4 protein chains.
Amino acid sequence: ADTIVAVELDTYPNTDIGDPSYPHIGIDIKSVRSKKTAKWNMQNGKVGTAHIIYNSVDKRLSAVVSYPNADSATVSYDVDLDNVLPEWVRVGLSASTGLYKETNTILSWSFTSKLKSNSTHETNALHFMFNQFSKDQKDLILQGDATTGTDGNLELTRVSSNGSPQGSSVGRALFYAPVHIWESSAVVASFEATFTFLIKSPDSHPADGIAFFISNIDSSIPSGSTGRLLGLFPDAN
Amino acid sequence: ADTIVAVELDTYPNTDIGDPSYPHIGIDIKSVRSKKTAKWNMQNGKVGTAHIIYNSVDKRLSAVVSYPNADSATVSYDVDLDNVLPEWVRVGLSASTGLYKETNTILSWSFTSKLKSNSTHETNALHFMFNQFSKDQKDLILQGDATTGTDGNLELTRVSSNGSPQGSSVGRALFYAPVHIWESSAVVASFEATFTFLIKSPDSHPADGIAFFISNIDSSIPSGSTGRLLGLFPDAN
Amino acid sequence: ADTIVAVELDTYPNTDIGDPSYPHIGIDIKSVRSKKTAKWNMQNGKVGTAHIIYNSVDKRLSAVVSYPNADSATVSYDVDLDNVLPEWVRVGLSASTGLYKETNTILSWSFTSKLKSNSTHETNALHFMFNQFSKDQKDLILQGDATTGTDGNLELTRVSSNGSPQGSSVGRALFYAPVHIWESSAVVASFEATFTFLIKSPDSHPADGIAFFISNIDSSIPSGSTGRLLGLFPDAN
Amino acid sequence: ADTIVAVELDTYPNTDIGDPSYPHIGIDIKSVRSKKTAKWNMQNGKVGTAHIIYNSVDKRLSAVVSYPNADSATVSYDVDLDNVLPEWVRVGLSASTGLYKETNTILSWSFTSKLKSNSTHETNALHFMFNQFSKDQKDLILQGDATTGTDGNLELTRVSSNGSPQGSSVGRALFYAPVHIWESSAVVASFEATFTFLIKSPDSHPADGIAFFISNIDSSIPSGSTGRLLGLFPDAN
Ligand SMILES: [Ca+2]
Ligand SMILES: [Ca+2]
Ligand SMILES: [Ca+2]
Ligand SMILES: [Ca+2]
Ligand SMILES: [Mn+2]
Ligand SMILES: [Mn+2]
Ligand SMILES: [Mn+2]
Ligand SMILES: [Mn+2]
């Protein structure tokens, strides 16, 4: 199976598999059952921003999700990613719907990673910024239902001609280049990701969520990972 | 008196005022008696690098100091800087010598601060990088004994024609522009500073150290702050 | 006597002082009589973007001004800034109104300059970015009628409580820190500035314009430089 | 058939194919016969820096190559890359040796491109920086004889165990992700690249050179392109 580290913006409470009983953001370390969560006042139809940060000094993965003029939600978990992920990874965005649905629209996405070597104190870095997605976005790998180009946005899951989101959908976008996320011979390692999103649903409850994730380079959507599995894991273990 | 937050690279143990009994790095919150320290294998005559980071998600000020091919020293302290510093500040470097001495040479210094507003999710940012200091460096405010231009370096404390460091010296350099370090209406605030340094001493023990500091805008060297006070505080309270 | 290099967004044709007979963008080298202009279809009450670039390899100062979904206007001029500007400068935005008026509203402003030295091949850099301006913005020097804070914007010229621009006004905002824009011992020097602006004339008869400028560090608004002089020059020579 | 735009650091005069009779830097547009060259005083065994710049406002591709404490060599050429390159490309470094040889060692390589769209005035950006290359560098596509890891450097052409360069060699390194270098609906597009290199000929008779290049995404080393062809072209036309 793939190795997955993710920050989930989980719009639907699946209490049967350990979700808390409210929309929430979570830190996922090789399991969809978040190691840490925080309650998230998700706002149906509004544009929100997610900010995710990690550095190898504190060894702490944190995320903040917010909407304009509202209190933000924050969640943090102590984790040495050297012991979790492979040295080289891809980074990506994932989303899904199930029996309930929502749009999982990405308006923008940026990422920066840096590695300062122990032997020279010089840095390696990667940065990308997408404020517009085009129809044939060659620096992204799209998987499953994800498409680009509609209003210059990345639609992670399926939306119809008129704008209605569809159920039982799953899709992901990964940045084309592998990222060197840790190195044993590095004095300081760090990364941050930011993305803006629009989750809209005509349903009685929205579902299922969006995740920023870091995985083995050849990661692909596990079969049967629509709904509560967020396109990230093959099961709820 | 001035309000001071600093990370000290303390080369001399003044156990009489609470220093541990070895060279150390420390986090100083309105006192020269560090809230937290870590032992620091300081290397006489070698170029080292200091990295300092803070973000308002974790509310944690950390620093890592290292030399090439050696284990680094790291120190962290939880502190909500909103409750410590004024909203606007200057940032700077300070150093001193006392009855023992050392060069306090800065080879390079960079800094980046960012503020993401709560109402718009757009960012304000400041970044500077100095890899060379010139004789008349108008974007720096020099205080006390600090000079620029000699081999393109910033000499924080007094050095003679031939290279010998002098005792009872104190000097500082602050970036000219005020920095907006926190804002109540900001969703995420963060900063980082990096500097490379060369501390060399002909003495039986080097003294006294170098600090990166953040202070009220009109901060100036308190009188009698040579030696153990690092050009930062008017006394050892 | 001030030394000014500027890019003007000139909304009002003063044909008696050499303006072309339509709204225009221009490159001003020590004179309001632009060395080069281009026709500019300004859009009353719409947000526009101006981007300015120079490097010491091509020694060509270029600017592009545009509105979403319209054709840009571009102007360039070969000039060796080493021979025009002092080595250290301040950078700023300026605007004015005279018998006729307009809002001279700045929504965002960013700037980056870099100098790479001949001897070490390392870089000094300054970067700032304002997407929000606050009431008491300590890293800006405001002059004349310029104010910050209203709607998070910089209003360079006078606007009343009910939103209407006033005539006979002039105002400027300069970045607090001096900038080292050229150095004879540097291998490559470059800068760029970007700002977004909202120029609105409720009568559809706007004047006088907005400029990005670079000046001697101690530059102040010249006597009488409301109207056609854009807050930049003491006369129309 | 590959489409190549490149800046060559040509260490060996092939006067039978249009090289000038001295070592030179050149701008190559779909041909090894540079559209513009400049004399280059290469310094055997010293670390040099090459800097390359282009923006869509001036549409001028310029390069500067220098060594510490020497006069730079500069070359520029007006070219509308929109009409030469495909919209998506890869960027790379390339080098070769033929009857004569030299080390074609790369110590660091950085690249940034930005595209600002006509419709929203927002930017897409890619930036990478390598100051250290590692043995198994997954964000580089290496071709031919190019290797990474030795002393943290990229060796583009063959070097033996005892440090001597080999003849008849060719190698390239391309950044893994495709780059969107132009887009007809963008208001401003720009890129820049910088690399540092160490070209050493133990006999003081070096060949053949190093290039920074931009190519169709699926570009491979053309058949026979060791020697004068720099790993870039299938013939000398
Ligand atoms: Ca769920
Ligand atoms: Ca001490
Ligand atoms: Ca005019
Ligand atoms: Ca040749
Ligand atoms: Mn969950
Ligand atoms: Mn101490
Ligand atoms: Mn004019
Ligand atoms: Mn040639």
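Along the chain as shown, residues are numbered 1 onward.
If you check the header, you will see the structure was determined by X-ray crystallography, 2.1 Å.
Each Cβ is built from the backbone N, Cα and C atoms, and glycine gets one as well.
Taken from Swiss-Prot, the feature Mn(2+) binding site applies to C:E8, C:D10, C:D19, C:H24. DSSP assigns C:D10 (Mn(2+) binding site) to a strand segment in the three-state reduction.
What Swiss-Prot records for C:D10, C:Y12, C:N14, C:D19, C:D208 is Ca(2+) binding site. In the three-state DSSP scheme, C:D208 (Ca(2+) binding site) falls into the coil class. Within the same chain, residues at least six positions away from C:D208 (Ca(2+) binding site) with a Cβ under 8 Å of its Cβ are C:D10, C:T11, C:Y12, C:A95, C:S96, C:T97, C:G98, C:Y100, C:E102, C:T226, C:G227, C:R228, C:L230.
Feature annotation from Swiss-Prot assigns carbohydrate binding site to C:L99, C:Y100, C:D208, C:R228. Under DSSP, C:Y100 (carbohydrate binding site) is assigned to coil, being neither helix nor strand in the three-state scheme.
Taking the centre of the Cβ atoms of C:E8, C:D10, C:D19, C:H24 as the Mn(2+) site, the nearby residues of that chain (Cβ within 8 Å, site residues left out) are C:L9, C:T11, C:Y12, C:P13, C:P20, C:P23, C:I25, C:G26, C:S34, C:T37, C:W40, C:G209.
C:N14 (Ca(2+) binding site) is 13 Å away from C:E8 (Mn(2+) binding site) when you measure Cα to Cα. C:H24 (Mn(2+) binding site) carries a strand DSSP state (E or B). Cβ-based neighbour count (10 Å, all protein chains) for C:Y12 (Ca(2+) binding site) stands at 22. Between the binding-site residues C:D10, C:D19, the minimum number of other C-beta atoms within 10 Å of a residue's C-beta occurs at C:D19. The Cβ of C:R228 (carbohydrate binding site) has 21 other Cβ atoms within 10 Å, all protein chains considered. When secondary structure is read from DSSP and collapsed to three states, C:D19 (Mn(2+) binding site) falls in the coil class. Straight-line distance linking the Cα atoms of C:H24 (Mn(2+) binding site) and C:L99 (carbohydrate binding site), rounded to a whole number, equals 19 Å.
Of the chain residues outside the Ca(2+) site list C:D10, C:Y12, C:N14, C:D19, C:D208, C:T11, C:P13, C:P23, C:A207, C:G209, C:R228 have their Cβ within 8 Å of the site's Cβ mean position.
Counting only the Cα atoms, the space from C:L99 (carbohydrate binding site) to C:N14 (Ca(2+) binding site) is about 12 angstrom.
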